[PDB]
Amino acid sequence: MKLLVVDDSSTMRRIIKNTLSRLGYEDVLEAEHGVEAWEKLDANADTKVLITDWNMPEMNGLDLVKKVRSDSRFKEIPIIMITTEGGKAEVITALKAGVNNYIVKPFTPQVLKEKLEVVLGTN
């Protein structure tokens, strides 16, 4: 149960990561940007779940998700997008690209835990 968490915000990565921990998810890998995310995925096809931000340099999350979905190794990888892009137009955009679950920032650590528990349960 290997998770890859991607976000250009350092404090966001903290919180997500801490929150995964509380849910019993400890095998967490981080990336700052899309390029690094992609690199890590490419080199570790055993990754189970992708959790990605949208807005970031060096390849945004949208481009990342499309790339991932296009790879024949990651056609069924669950993909959760966690983003400030709260408008439905962007939601639709993301679902069409292959995002499976959409969580909108900002959130308290408690709300994040609920919203993630909904998708991931405990581990």
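The first residue of the shown sequence is 1; numbering continues from there.
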Which of 4-12 and 113-121 has higher mean CA B factor, as the PDB entry lists it: 113-121
Selected stretch [higher average CA B-factor]: 37-45 or 73-81: 37-45
Identity of residue with top Cα B-factor, from 26, 90, 30, 58: 26
Relative C-alpha B-factor of residue 22, binned into the chain's lowest, middle or highest third: highest
